[PDB]
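Down below is the structure, laid out as structure tokens.
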Amino acid sequence: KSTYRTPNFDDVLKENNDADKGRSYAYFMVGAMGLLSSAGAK
Amino acid sequence: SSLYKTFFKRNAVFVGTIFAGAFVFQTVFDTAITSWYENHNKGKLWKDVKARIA
Amino acid sequence: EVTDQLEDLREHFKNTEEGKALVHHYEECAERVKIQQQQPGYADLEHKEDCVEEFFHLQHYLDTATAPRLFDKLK
Amino acid sequence: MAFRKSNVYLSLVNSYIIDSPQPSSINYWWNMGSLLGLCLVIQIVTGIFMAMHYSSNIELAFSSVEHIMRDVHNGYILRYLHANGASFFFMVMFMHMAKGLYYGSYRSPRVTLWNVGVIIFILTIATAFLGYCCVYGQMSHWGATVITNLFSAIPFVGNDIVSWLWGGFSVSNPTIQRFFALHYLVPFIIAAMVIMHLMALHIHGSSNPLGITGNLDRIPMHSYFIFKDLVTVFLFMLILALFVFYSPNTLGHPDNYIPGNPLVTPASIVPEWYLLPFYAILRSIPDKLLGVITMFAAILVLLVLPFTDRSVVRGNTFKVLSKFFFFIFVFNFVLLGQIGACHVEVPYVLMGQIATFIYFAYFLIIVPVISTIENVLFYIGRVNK
Amino acid sequence: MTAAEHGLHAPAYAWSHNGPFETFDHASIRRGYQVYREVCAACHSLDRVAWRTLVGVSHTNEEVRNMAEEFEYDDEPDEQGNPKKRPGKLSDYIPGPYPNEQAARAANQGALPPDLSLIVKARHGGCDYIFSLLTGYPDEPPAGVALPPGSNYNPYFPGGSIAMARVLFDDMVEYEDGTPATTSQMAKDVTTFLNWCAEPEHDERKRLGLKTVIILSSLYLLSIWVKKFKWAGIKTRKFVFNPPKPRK
Amino acid sequence: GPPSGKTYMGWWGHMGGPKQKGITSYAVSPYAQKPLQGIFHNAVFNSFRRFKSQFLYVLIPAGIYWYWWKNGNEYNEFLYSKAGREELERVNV
Ligand SMILES: CCCCCCCCCCC(=O)OC[C@H](COP(=O)(O)OC[C@H](O)COP(=O)(O)OC[C@@H](COC(=O)CC)OC(=O)CCC)OC(=O)CCCCCCCC
Ligand SMILES: CCCCCCCCCCCCCCCCCC(=O)OC[C@H](COP(=O)(O)OCCN)OC(=O)CCCCCCCCCCCCC
Ligand code: HEC
Ligand code: HEC
Ligand code: HEC
Ligand SMILES: COc1c(O)c(C)c(C/C=C(\C)CC/C=C(\C)CC/C=C(\C)CC/C=C(\C)CC/C=C(/C)CCC=C(C)C)c(O)c1OC
Ligand SMILES: CCCCCCCCCCCCCCC(=O)OCCCOP(=O)(O)OC[C@@H](O)COP(=O)(O)OCCCOC(C)=O
Ligand SMILES: CCCCCCCCCCCCCCC(=O)O[C@H](COC(=O)CCCCCCCCCCCC)COP(=O)(O)O
Ligand SMILES: CCCCCCCCCCCCCCCCCC(=O)O[C@H](COC(=O)CCCCCC)COP(=O)(O)OCCN
Ligand SMILES: CCCCCCCCCCCCCC(=O)O[C@H](COC(=O)CCCCCCCCCCC)COP(=O)(O)O
């Protein structure tokens, strides 16, 4: 098996990448954690 | 989601959004939780007793 | 003429058959101790038989019964 | 190079919490160290902000604690965080030392790390005892009395040592004042020992739950174990918030809200919950001097541990009998705590003696014999002749 | 020990302030203060409860002021150094009936009545213990128990022999709101009042506990998401190995 | 600064493991990766596997010591009762 044949990631990849959707969802969740951390630190 | 990155692109407006969100969240969460904690204990607080005493 | 709630519940749960058998054991113990305390030499023995444990069984049954109902029947 | 690498101060922050090469297979049991650091910061900050309102006279100690819990704004938060966080500090430290015994982190080349850990453990027991005596309740006064009379057991010298500790003739005003000064002092020694602990760790890196090297697949500290420790930090704060706000006085003993009375002895004198195995070890020996020696030997027998583990593989992960006898040991330690919480009654004396013997037999007989048998069993299982 | 020295186990009464959301019953605290003042306060100090803590909790402002002005405290002395008294104010503490310990032991057959500021937090069982202590006196002790003279029996006290008298009888006080004041009613009221006296922070403690548990549970779930997010490059990582050419 | 002794962990570049060759890695960005796709079916079946392989080493010592504690506590509350007071007399002396 060559080193150019990438193994199977297809069970764990997104069916649609859409690089603003995924980054917006991730930054929304990180921002929610930062929101509640700011409230708790206050 | 959508194409709006005026909230997530720049870290200044992102951390300003997080601070404004927490500034609203403190007030809203405190008022809501005080209203629920007094609604769950209707009749036991001193407000109800002072309103009961003529 | 509103009597106390707790003795009402205590008499009501002394009147059940477990309460009747348990006060039967307790009154039997009390009669044992009452006939113990007339023979001479009772002032000078090694120990004394008492009904602390039968009274503990009776009192534990009664308040295990009457604990969840009492504050319902109170203001 | 980068500024986090070229600066003198940020190079330590880099090489400890940013670019530290961690083994990429470590589970959540390698998180109790960060959790103990957070809980130590909690203890120190609440200790300062609560010791701004504390007067350490013997006639004014208990009244000042109640002044904190009543008159100081949010003072109940401070005291309840402080006492229940000391309980969680010992619980996370017990879990951390159990992680040390299980995965074989005591073995070479990490003997210095294990010895500095045992020194931190002794200093933390000392800090908790001094701070519990600073409350000056009923249990505080009588526990201080019993522990210092245990120090009076020392032959030919001990009575003068105890009159030196007390600063008088019984547990009085100089005793409580010097316990407050020492109790303010010893956590900074604990912080210095923690920094020495991190140095002795950093010269070889963490272990891994397999017991093989981790030099092949290292991942950095930053974002990976930062957010994994953030997960357990939020879980720890959640459980601490439960036991502070909803049920604060569960872990404590209710006799500690009686003021300190030297005339009335309690019906059952018991330390706070985590010193009970050591109190059971000491109470199981029918002698005062041998009792004190056995109580300190029950911690020094952790120092004699890397020299008795004769297993050639690191850690109890892939070994059957060592894992079984490890959980025998853990539930024996819990049984020591529960024996110590009881009275000096039949059959708790005999069970305390058997439980102390199984403690010392695990540290001195069971580990080398089971490790030797497991080595020979691994050999003859796969070698044919 | 036997069960006699340990004392009988007080059962689980369903108080109106158990549970992680229920607060105190402040009308019950008001009636508990009335039963305190008319029964207990002949023989129990309450040394750690100031008058100002009752304002807005169980009584109004003028009620606490006109209850505190019935008592006399030590004023600063006059211009000739003579000691003088003054009526009470809001900043003083609730005074005990006894000037010192020896007067207490003289007036109560040697036994010292303990200060009740923390008595529901300094006994195992707590509220249930105090209620079962008050409503637990038998009409006569069980057969075979020789009480020392001057002492009384109830099984909930550790040892059986207590030096208290049965001091809750039917309708010895009158309530302001017209509640039927039986023994169990008064005992429930004073046990709620002593729970207030030991734990005046109880209401605010439970609501700040609600806020803190909600915020930390949300933070814990958000942090689980971010840990599963930033480790996704490492959980799904794969390794294949074709063994190299052995000539080198 | 002075040199130090031989450690068993170097740094990024000279870590000190064995030389490795022909072993290739493959990883995908987490922005194009869906997190927590493996919580359902995972927290059931993998958690049951992790419990089945690993529970009995915890359950047998807990069973032994809990049975021994329960037998001891039952014998305590026996011999400090009225029934076993003569046995308390003969084993306490
Ligand atoms: C008592 C007061 C202490 C206060 C300290 C607060 C912190 C408590 C720490 C407890 C602990 O560290 O145990 C870790 C133990 C081993 O972990 P592992 O790496 O082998 O499992 C990998 C996981 O599937 C990865 O899954 P993942 O990493 O994606 O998420 C892990 C989990 C976080 O939970 C925890 O950290 C422990 C509760 O996220 C969840 O999905 C939670 C769902 C509600 O976790 C377990 O999996 C449980 C195994 C039995 C342990 C019982 C403990 C009894 C003492
Ligand atoms: C003086 C010296 C101090 C001594 C301290 C004494 C012990 C203090 C008690 C603290 C509790 C800590 C428990 C032990 C912590 C280590 C356990 C552990 O490492 O978990 C992993 C273990 C096996 O997992 P593996 O790593 O082998 O998996 C590899 C996959 N092939 O997984 C397991 O086997 C299950 C782990 C379940 C933990 C059970 C904890 C029981 C806690 C006591 C309960 C008390 C109430 C009865
Ligand atoms: C001033 C700094 C200070 C530090 C640092 C500190 N404490 Fe304390 N601690 C106190 C004070 C003051 C008290 C007594 C007041 C109280 O108990 O609320 C106390 C009390 C205690 C108590 C008894 C709590 C109670 O009410 O029963 C324990 C247990 C304790 N400390 C443990 C620790 C541990 C463990 C550490 C750190 C490793 C620590 N303390 C660090 C100030 C401190
Ligand atoms: C008696 C044992 C012991 C005690 C007590 C102890 N440590 Fe450790 N600590 C260790 C060992 C062993 C390791 C490394 C184990 C391994 O990596 O396999 C360690 C590792 C650590 C780590 C690295 C992360 C980790 O989990 O390995 C930190 C951080 C740490 N300790 C901090 C502390 C702090 C803070 C305290 C309390 C003040 C403390 N330790 C008490 C033995 C101990
Ligand atoms: C006759 C005087 C007297 C009155 C009136 C009185 N007490 Fe007592 N009480 C005592 C004495 C004396 C003790 C001490 C008992 C002992 O030390 O054995 C005591 C002890 C107590 C105790 C602690 C018992 C223990 O074992 O710890 C409580 C609780 C208590 N009283 C509640 C009350 C309450 C509530 C009232 C008001 C209803 C009250 N008492 C009124 C004399 C009194
Ligand atoms: C192995 O990899 C590591 C690792 O290398 C490290 C370092 C850590 C982190 C561990 C720690 C940070 C633990 C070390 C703890 C300390 C050094 C304790 C330090 C705390 C103090 C010195 C006390 C704090 C003191 C203050 C904050 C002073 C300010 C306080 C007050 C009260 C001033 C207020 C007064 C006024 C007037 C406002 C890890 O968790 C870790 O695993 C990921
Ligand atoms: C996960 C938690 C996140 C929360 C964020 C807060 C965490 C903060 C943790 C900061 C940790 C810093 C403390 C570590 C420390 O003090 O160790 C210094 C030891 C340096 O010696 P070395 O490791 O051999 O380094 C290599 C040195 O030999 C280089 O020689 P030289 O340049 O002289 O350096 C010696 C420093 C002397 O200072 C000390 C204290 O030792
Ligand atoms: C000295 C005390 C030791 C306590 C041990 C605490 C161990 C965990 C510390 C967590 C620090 C998180 C910083 C991560 C970071 O900056 O990443 C930064 C940005 O990440 C974030 O913004 C995280 C969101 C905000 C989280 C705030 C958490 C505050 C609550 C802390 C509670 C404990 C004090 C870099 O992230 P990136 O490299 O992936 O881009
Ligand atoms: C509890 C700590 C025990 C001892 C362990 C030591 C570890 C300390 C960790 C401190 C981490 C945070 C320090 C950040 C400071 C970095 C700023 C800096 O280095 O800039 C420095 C200047 O620093 C200062 O002036 C003030 C430093 C005061 C720090 C007091 C906290 C820039 O200097 P530079 O490295 O570029 O050298 C060029 C020479 N002209
Ligand atoms: C300095 C170390 C202190 C760490 C405390 C952790 C223990 C958890 C219990 C905290 C309860 C005390 C706070 C409180 O009562 O707030 C209560 C609200 O609960 C919280 O938000 C606590 C969330 C904790 C988040 C931790 C963030 C990390 C901050 C690091 C320091 C900058 C009261 O809120 P309020 O006074 O009404 O604004």
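Every residue, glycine among them, receives a Cβ derived from its backbone with ideal geometry; neighbour counts consider all protein chains shown. Readers should treat all values here as calculations from the given coordinates under stated rules, not as data from a laboratory.
One residue stands out in the stretch E:50-59 among those that are surrounded by fewer than 22 Cβ atoms within 10 Å (Cβ to Cβ) and in contact (Cβ under 8 Å) with a residue 60 or more places away in the chain: the one that is nearest to the other protein chains (Cβ to nearest Cβ), namely E:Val57.
Figure legend. Inter-residue proximity from the stretch E:200-221: first residues closer than 14 Å to D:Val233 by Cα and at the interface with chain D (Cβ under 7 Å from one of its Cβ atoms), second residues in a helix (DSSP H, G or I) and of a type in the set (S, T, N, Q), beta-carbon distance below 7 Å, spacing 6+ or different chains. Indicated pairs: E:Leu219/A:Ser37. Of note, D:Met50 does not satisfy the criterion of being in contact with a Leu (Cβ under 9 Å, 6 or more places away or on another chain), more than 26 Å from E:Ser91 (Cα to Cα) and either within 16 Å of ligand 2 (Cβ to nearest atom) or free of Cβ contacts under 8 Å to residues at least 60 places away in the same chain (or both). Condition check for E:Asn66 on (1) within 14 Å of chain C (Cβ to nearest Cβ); (2) farther than 28 Å from E:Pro158 by Cβ; (3) without any contact (Cβ under 8 Å) to a residue 40 or more places away in the chain: one failure, at (1). Checked against the criterion of being of a type in the set (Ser, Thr, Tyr), within 16 Å of ligand 3 (Cβ to nearest atom) and at positive phi, the candidates D:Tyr136, D:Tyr132 yield just one match: D:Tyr136. For the stretch D:217-241, the candidate set comprises residues that are assigned to a helix (DSSP H, G or I) and more than 22 Å from the chain's Cα centre (by Cα); within that set, the residue that is farthest from ligand 9 (Cβ to nearest atom) is D:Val231. Filtering the stretch B:14-29 to residues that are aliphatic (A, V, I, L, M) and loosely packed, with under 13 Cβ neighbours inside 10 Å leaves B:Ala20, B:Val24, B:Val28. For the stretch D:306-321, filtering for residues that are crowded, with 17+ Cβ neighbours inside 10 Å and closer than 22 Å to D:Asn115 by Cβ leaves 5. If we keep just the residues of the stretch D:203-238 that are over 23 Å from F:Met15 (Cβ atoms) and more than 16 Å from ligand 2 (Cβ to nearest atom), which is farthest from the other protein chains (Cβ to nearest Cβ)? Among them, the one singled out is D:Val233. Looking across the stretch D:288-305, the residues that are crowded, with 18+ Cβ neighbours inside 10 Å and either within 16 Å of ligand 4 (Cβ to nearest atom) or not in a helix (DSSP H, G or I) (or both) come down to D:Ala298, D:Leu302, D:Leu305.
Based on what the data block shows, is D:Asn31 more than 30 Å from D:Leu240 (Cβ to Cβ), within 14 Å of ligand 6 (Cβ to nearest atom) and either part of a helix (DSSP H, G or I) or within 14 Å of chain E (Cβ to nearest Cβ) (or both)? In short, no. Screening E:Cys40 against (1) under 30 Å from E:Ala146 (Cα atoms); (2) crowded, with 19+ Cβ neighbours inside 10 Å; (3) within 14 Å of chain C (Cβ to nearest Cβ) leaves a single unmet condition, (3). Do you know which of the residues in the stretch D:242-266 that are in a helix (DSSP H, G or I) and within 9 Å of chain E (Cβ to nearest Cβ) is farthest from A:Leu36 (Cα to Cα)? Among those that are in a helix (DSSP H, G or I) and within 9 Å of chain E (Cβ to nearest Cβ), it is D:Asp255. Number of residues in the stretch D:90-114 that are more than 14 Å from chain F (Cβ to nearest Cβ) and either near ligand 4 (Cβ under 9 Å from one of its atoms) or touching an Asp or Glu at 6+ places or on another chain (Cβ under 8 Å) (or both) equals 12.
At least 3 residues being within 11 Å of chain D (Cβ to nearest Cβ) and over 30 Å from C:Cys29 (Cβ atoms) is the threshold, and among the helices (runs of 4 or more DSSP H) wholly inside the stretch F:43-93 those reaching it are F:56-79.
Residue pairs whose Cβ atoms lie under 7 Å apart, separated by 6 or more positions or on different chains, with the first residue in the stretch D:187-203 and more than 6 Å from ligand 6 (Cβ to nearest atom) and the second in a loop (DSSP other than H, G, I, E, B), are D:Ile203/F:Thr7. When restricted to residues that are under 16 Å from the mean Cα position of the chain (by Cα) and more than 7 Å from every other protein chain (Cβ to nearest Cβ), the stretch A:12-42 contains 4. Within the stretch D:153-165, being surrounded by fewer than 15 Cβ atoms within 10 Å (Cβ to Cβ) and assigned to a loop (DSSP other than H, G, I, E, B) holds for D:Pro155, D:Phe156, D:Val157. Do we find a residue being out of contact with any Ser or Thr (no Cβ under 8 Å at 6 or more places or on another chain), farther than 23 Å from E:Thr182 by Cβ and facing another protein chain (nearest Cβ under 10 Å) anywhere in the stretch C:7-26? Scanning the stretch C:7-26 turns up at least one residue that is out of contact with any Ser or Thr (no Cβ under 8 Å at 6 or more places or on another chain), farther than 23 Å from E:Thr182 by Cβ and facing another protein chain (nearest Cβ under 10 Å).
Scanning the stretch D:166-204 for residues that are surrounded by fewer than 19 Cβ atoms within 10 Å (Cβ to Cβ), among the hydrophobic types (A, V, I, L, M, F, W, C) and not in a helix (DSSP H, G or I) gives D:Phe169, D:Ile203.
If we keep just the residues of the stretch D:182-197 that are away from ligand 8 (no atom under 16 Å from the Cβ) and out of contact with any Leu (no Cβ under 8 Å at 6 or more places or on another chain), which is farthest from the other protein chains (Cβ to nearest Cβ)? Of everything passing the filter in the stretch D:182-197, D:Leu185 is farthest from the other protein chains (Cβ to nearest Cβ).
Counting only residues that are exposed (fewer than 13 other Cβ atoms within 10 Å of the Cβ) and within 13 Å of ligand 8 (Cβ to nearest atom), the stretch D:29-59 holds 1 of them. Evaluating D:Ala200 against the criteria (1) within 13 Å of chain E (Cβ to nearest Cβ); (2) touching a helix residue (DSSP H, G or I) at 6+ places or on another chain (Cβ under 8 Å); (3) among the small types (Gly, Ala, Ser) leaves one unmet condition, (1).
Considering the conditions (1) more than 9 Å from chain F (Cβ to nearest Cβ); (2) without any contact (Cβ under 8 Å) to a residue 40 or more places away in the chain, D:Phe331 is excluded by exactly one of them, (1).
Okay, residues lined up against (1) within 16 Å of ligand 3 (Cβ to nearest atom); (2) on the phi > 0 side of the Ramachandran plot; (3) within 28 Å of the chain's Cα centre (by Cα):
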residue: D:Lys5; (1), (2), (3): no, no, no
residue: D:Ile17; (1), (2), (3): no, no, yes
residue: D:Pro23; (1), (2), (3): no, no, yes
residue: D:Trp29; (1), (2), (3): no, no, yes
residue: D:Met32; (1), (2), (3): yes, no, yes
residue: D:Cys39; (1), (2), (3): yes, no, yes
